[PDB]
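A.B. asks: I am attaching a structure below and will ask some questions about it afterwards.
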Ligand SMILES: N=C(N)NCC[C@H](O)[C@H](N)C(=O)O
Ligand SMILES: N=C(N)NCC[C@H](O)[C@H](N)C(=O)O
Ligand SMILES: [Fe+2]
Ligand SMILES: [Fe+2]
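Dropping the structure here:
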């Protein structure tokens, strides 16, 4: 079997999808502009019907950890070299594919960004940055990006995480793991369902990993409060036979002086490590990871820094934007609190 | 101003929408069948673009209590007489309009029903039943249907409640009320945000208001547990400047021996009563009430029982079906627990 739901575009379907994305890139100024954010869900209705059928059905299935779409053509010559930093990563060559990702994302829910991550951008970049190979963020390389729920600290975290591979010549794998329900005993399961765990915000929300001012953007103050004074939360929620998962390998901890909770988390680490599997996003592959069913990461790899490094576009998706209205910065689609 | 977001179909747009609904009625056996439940969201993409644009945008606005669509043609001759009971309310005349409601609903989210209400039907009926004029359910008439959040007792309650008026010759009004935030003092507001209120399941989930067996459908046992042993919950949730509302006028109460909570609920009753406004759903009008922003009801009216009584089709909608996977009866779209 495959733990994800997979769809392969025919050449005609992919060509049509790309043509629609090119139309949007031609007509709109940017993906994150208020105009295209509103229209993308409606424009996405013009995508190939077999893809729309897959996205509507696969989303409502109970089992898959991700929805994978293969076969989007990407011309390395037209794309150009991989950017050295995310700041300067909105290149004309990558523009149509950013619009394509937002169109696909529009079929699954409401796209949003974070005020404290990559300058409040909705469409974000994942690429290796020179100097930061051994960091705990997505711009790492030599150090493996440990498994985690995206923005695990926040209750306004995405339901789905979209990942479109612009290039990945050496086939570096995205890691994935579901809830290890076949190995979790009921006592450990009970404890994971209780609010006895501290999940702090990851390093992508730090001020150093955003541009120069930016800080002091008031939304960083809420990140500091989440890091300094994290309130206890549960790792598992909902149905015991198919729980939703909320955990971060490098930023989770038990409640202070709670050894029962600690033992449960320690056991969960072991079981997730042992059941971790690989998903290689080849050039043109799009993956929408179910952020509630699965944790994800990225394998360690040797960065090139020759202009052809692994490069993904990424986007956060929620099924309901009004869930996070407390975290609304303003009228924009950028979340964060004081 | 109007507290809801309104859209009027042009004759051509309405005709096209009706034609699409007729196509679905011709091709599918029923609305609640597993086939059309999966396909309706995709088929809804073929609706008029101006309507799809309205539904995508109006859903993401912060202010409206409901999304109202006017101007769907309904032929009283083709429709036929109003049913005497919901059991026998799936008439051939009302069939195309039931498909139309599910197509509109498909643009807003995932439709579902309740195992303990109207025999697990997704598309339900609202009509006056002889003998039950002074009941606390939607089939009442002479007694006003008091304001409430739909299925307030359940955490799996709908995000939107769809209401399509098949006929309403005497213009009986649907009542609506938002959070009375202009009158709620901060102390009362604080208490409403705390888990100090008991919300029991309404009478539509009782065994007497469903068909003969049915009982003992195991899902009624969870309703009994919710009625007998309700666990404390908050009336208001989320953002203090725009809270989500969870209350039932006839089935809410404070926590036992909690007079502070009682006073807050008592005050809330007064403010909702004083700010209650009317929305008349004329023949062909569709209303998608925001179940989190507003409570709703129906004004008292004298029932006719002459074959032309007020008659609505109704449907529950959630932004995410996986939110209620604990309450999944099976593979079907019908909720309820043991
Ligand atoms: N959660 C950990 N361990 N690292 C952060 C990875 C996340 O994907 C983060 N949004 C990032 O892009 O760095
Ligand atoms: N909540 C009160 N007061 N009555 C029940 C009305 C609800 O709309 C219920 N689902 C019904 O149809 O009777
Ligand atoms: Fe991530
Ligand atoms: Fe109701």
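Protein chains in written order, with the UniProt record's numbering: chain P, 21 to 358; chain V, 21 to 358. Positions of the beta carbon are idealized from the N, C-alpha and C atoms, including for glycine.
Does any C-beta atom of chain V lie closer than 8 angstroms to the C-beta of residue 290(P)?
C.D. replies: No, because no Cβ of chain V sits closer than 8 angstroms to the Cβ of residue 290(P).
A.B. asks: Give the residues of chain P in contact with residue 61(V), contact being defined as C-beta atoms less than 7 angstroms apart.
C.D. replies: Within chain P, the residues near residue 61(V) are 76.
A.B. asks: Ignore the nearest five residues each way along the sequence and tell me which others in residue 51(V)'s own chain have a CB closer than 7 angstroms to its CB.
C.D. replies: The residues are 118, 119, 122, 142, 143.
A.B. asks: May I ask you to report which of helix, strand or coil DSSP gives residue 309(P)?
C.D. replies: Residue 309(P) falls in the strand class under three-state DSSP.
A.B. asks: Considering only residues of the same chain and omitting the five flanking positions on each side of residue 214(P), which have a CB-CB separation below 7 angstroms?
C.D. replies: Cβ neighbours of residue 214(P) beyond the five flanking positions: 254.
A.B. asks: Cβ-heavy atom distance between residue 158(V) and ligand 6 below 7 angstroms?
C.D. replies: Looking at this structure, you won't find ligand 6 anywhere; what it does contain is ligand 1, ligand 2, ligand 3 and ligand 4.
A.B. asks: Taking 7 angstroms as the cut-off, is the C-beta of residue 308(P) nearer than that to any heavy atom in ligand 2?
C.D. replies: No.
A.B. asks: Is DSSP giving residue 36(V) helix, strand or coil here?
C.D. replies: Helix, per DSSP.
A.B. asks: Measure the C-alpha to C-alpha separation of residue 293(V) and residue 192(V) and round it to an integer number of angstroms.
C.D. replies: In a straight line, the C-alpha of residue 293(V) is about 18 angstroms away from that of residue 192(V).
A.B. asks: Counting Cβ pairs, one atom from each stretch, are 3 or more of them under 8 angstroms apart for the region 149-159 of chain V and the region 202-221 of chain V?
C.D. replies: Taking 8 angstroms as the limit for Cβ pairs, the verdict is that the region 202-221 of chain V does not touch the region 149-159 of chain V.
A.B. asks: Note the first and the last residue of the continuous alpha helix (DSSP H) segment covering residue 290(V).
C.D. replies: 279-295 is the span of the alpha helix (DSSP H), which, as asked, contains residue 290(V).
A.B. asks: Measuring alpha carbon to alpha carbon, tell me which of 138(V), 64(V), 45(V) ends up nearest residue 72(P).
C.D. replies: Taking only the C-alpha atoms, the option nearest residue 72(P) is 64(V).
A.B. asks: Got a sec: is the Cβ-Cβ distance from residue 210(V) to anything in chain P below 8 angstroms?
C.D. replies: So no, residue 210(V) is outside the interface.
A.B. asks: Is residue 356(V) near residue 134(V), with beta carbons less than 8 angstroms apart?
C.D. replies: Taking 8 angstroms as the Cβ cut-off, residue 356(V) and residue 134(V) qualify as a contacting pair.
A.B. asks: Please state if the CB of residue 295(P) and the CB of residue 197(P) are separated by a distance shorter than 8 angstroms.
C.D. replies: The answer is yes: Cβ separation under 8 angstroms.
A.B. asks: Given 8 angstroms as the limit, is there contact between the region 30-49 of chain V and the region 177-187 of chain P, that is, 3 or more CB pairs closer than that?
C.D. replies: Segments in contact, no.
A.B. asks: Quick check on residue 177(P) - is its C-beta less than 8 angstroms from some C-beta in chain V?
C.D. replies: Not one chain V Cβ lies under 8 angstroms of residue 177(P).
A.B. asks: What does the Cβ neighbour count give for residue 231(V), buried or exposed, with the cut at 16 atoms within 10 Å?
C.D. replies: Counting Cβ neighbours within 10 Å, residue 231(V) comes out exposed, since fewer than 16 surround it.
A.B. asks: May I ask you to verify whether the region 323-337 of chain V touches the region 264-283 of chain V, counting CB pairs closer than 8 angstroms and requiring at least 3?
C.D. replies: Output reads no: the region 264-283 of chain V does not touch the region 323-337 of chain V.
A.B. asks: CB-CB under 6 angstroms to residue 354(V), same chain, minus the five flanking residues each way: which ones, in chain order?
C.D. replies: Excluding sequence neighbours, residue 354(V) sits near 133, 135, 140.
A.B. asks: Taking residue 25(V) and residue 88(V) to be in contact with their CB atoms under 8 angstroms, please state how far apart those CB atoms are, rounded to whole angstroms.
C.D. replies: Between residue 88(V) and residue 25(V) the Cβ distance is about 7 angstroms, and since that is below 8 angstroms, they are a contact.
A.B. asks: In chain order, which continuous runs of the alpha helix (DSSP H) of length 4 or greater are located wholly inside the region 79-110 of chain P?
C.D. replies: For the region 79-110 of chain P, whole alpha helix (DSSP H) runs of length 4 or above, ordered along the chain, are 96-99.
A.B. asks: Which residues, in order along the region 325-357 of chain V, keep a beta-carbon less than 7 angstroms from a beta-carbon of chain P?
C.D. replies: The residues in question are 339, 340, 341, 345, 346.
A.B. asks: May I ask you to list the residues that DSSP assigns as paired with residue 274(V)?
C.D. replies: In DSSP, residue 274(V) forms a bridge with 217(V).
A.B. asks: Taking all protein chains shown into account, do 16 or more other C-beta atoms lie within 10 angstroms of the C-beta of residue 83(V), making it buried, or fewer, making it exposed?
C.D. replies: Exposed, by the Cβ-count rule.
A.B. asks: Assign residue 153(P) to one of three DSSP states: helix, strand, or coil.
C.D. replies: In the structure shown, residue 153(P) sits in coil (DSSP, three-state: anything other than H, G, I, E or B).
A.B. asks: Within the chosen definition, does the region 340-352 of chain V reach the region 312-322 of chain V through at least 3 CB pairs nearer than 8 angstroms?
C.D. replies: Touching, no.
A.B. asks: Going by beta carbon distance, what residues of the same chain come within less than 7 angstroms of residue 165(V), once the five residues before and after it are set aside?
C.D. replies: The answer, listed in chain order, is 158, 317, 318.
A.B. asks: Relative to ligand 2, is the shortest distance from any of its heavy atoms to the C-beta of residue 296(P) smaller than 7 angstroms?
C.D. replies: Outside the cutoff, so no.
A.B. asks: Within 7 angstroms: the Cβ of residue 192(P) and any heavy atom of ligand 3?
C.D. replies: False, no ligand heavy atom lies under 7 angstroms from that Cβ.
A.B. asks: Suppose the cutoff is 6 angstroms on Cβ atoms and the five residues either side in sequence are ignored; what does the same chain contact list for residue 250(P) look like?
C.D. replies: So the list reads 218, 220, once near-sequence residues are dropped.
A.B. asks: Using a Cβ cut-off of 7 angstroms, which residues of the region 248-270 of chain V contact any Cβ in chain P, in chain order?
C.D. replies: Result list: 258, 259, 262.
A.B. asks: Using the beta-carbon count (16 or more within 10 Å), is residue 281(P) buried or exposed?
C.D. replies: Its Cβ being crowded by 16 or more others within 10 Å, residue 281(P) is buried.
A.B. asks: What is the rounded straight-line gap between the Cα of residue 126(V) and the Cα of residue 223(V)?
C.D. replies: Between residue 126(V) and residue 223(V), the C-alpha separation is close to 28 angstroms.
A.B. asks: Label residue 59(P) either buried or exposed according to how many other C-beta atoms from any shown protein chain fall within 10 Å of its C-beta, with 16 as the threshold for buried.
C.D. replies: Its Cβ being crowded by 16 or more others within 10 Å, residue 59(P) is buried.
A.B. asks: Specify the secondary structure class of residue 166(V) as computed by DSSP and reduced to three states.
C.D. replies: Note: residue 166(V) maps to strand in three-state DSSP.
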